[PDB]
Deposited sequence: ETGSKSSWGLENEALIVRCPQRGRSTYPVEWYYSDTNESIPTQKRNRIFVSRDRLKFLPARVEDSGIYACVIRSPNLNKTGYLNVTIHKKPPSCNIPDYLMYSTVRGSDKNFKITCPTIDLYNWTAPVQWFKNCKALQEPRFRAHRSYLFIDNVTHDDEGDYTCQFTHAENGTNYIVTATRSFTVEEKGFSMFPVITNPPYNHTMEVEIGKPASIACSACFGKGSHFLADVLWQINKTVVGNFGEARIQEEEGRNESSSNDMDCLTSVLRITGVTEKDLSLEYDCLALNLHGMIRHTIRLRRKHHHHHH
């Protein structure tokens, strides 16, 4: 599927190529795009593919509906950058113009660089639907292009290389119980696990003065022992013997 607004340029990619509407190398171009040509187009390589293109009438209201927006950007206070979708198919030049809820972003707070928009001092109040607009130049004629995606801002929290609090590095303990605890920072974690390894393979309530996010796996064998902590930063092992 592909979509675009009418009287705007539209250029599409299909997965020795054969297909007002032009074609250059392997790409199909609408300059300008008009609602009549919205259909299903076929591409051949000498082996084929199709996509359904839809051309739309410029939205009546400023709030654009969901079906002409691109994938949502789940941003944070640590990733306040929005990319302009599809822009590298066109022959475009800086600067790209940005809008939020149909209003021009003109500030030092909103910085445009290559295909990106950076929001300084980002806050939850900067959530909403952003429209990039740029120009595609072809044979002296400039055709305009816009794309829209929505953008949210969650307050992240940080992460660190895991730290095992117990058991200690070089220990030995004499119905048996040993707890493996680690802390990973404070925040939201994509992956964070603590586990026990018996002979280097996986086996198969009160806390310290820490604000950090800590996990504990208690190994109890009711009758080399490795304590492992891992996240995307890496994995650390403390080995215990008895």
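- Judged by missing C-alpha atoms, the gaps in the deposited chain sequence fall at residues 1 to 5, 21 to 27, 32 to 46, 74 to 78, 207 to 211, 242 to 254, 274 to 281, 301 to 309, listed in sequence order.
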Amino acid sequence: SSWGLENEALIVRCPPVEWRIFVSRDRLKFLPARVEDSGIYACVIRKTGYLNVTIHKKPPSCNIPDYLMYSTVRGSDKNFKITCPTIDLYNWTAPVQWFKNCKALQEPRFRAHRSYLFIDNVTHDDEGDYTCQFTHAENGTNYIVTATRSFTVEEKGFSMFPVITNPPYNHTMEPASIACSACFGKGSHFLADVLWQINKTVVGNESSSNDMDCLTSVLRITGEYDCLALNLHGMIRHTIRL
From here on, numbers count along this sequence of modelled residues.
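- Relative to one another, 21 to 29 and 214 to 222 have unequal mean CA B-factors, and 21 to 29 is the one with the higher figure.
- Averaged over their C-alpha atoms, the temperature factors of 116 to 124 and 95 to 103 are higher for 95 to 103.
- Highest CA B-factor among the listed residues (191, 183, 194, 64): 64.
- For residue 76, the recorded CA B-factor ranks within the lowest third of the chain. Only modelled residues enter the ranking.
- In this PDB entry, residue 228 carries a Cα temperature factor that places it within the lowest third of its chain's modelled residues.
- Among the modelled residues of its chain, residue 172 has a C-alpha B-factor that falls in the highest third, as given in the PDB entry.
- Among the modelled residues of the chain, residue 148 sits in the lowest third by CA temperature factor in this PDB entry.
- Residue 237: CA B factor in the lowest third of modelled residues in this chain (values from the PDB entry).
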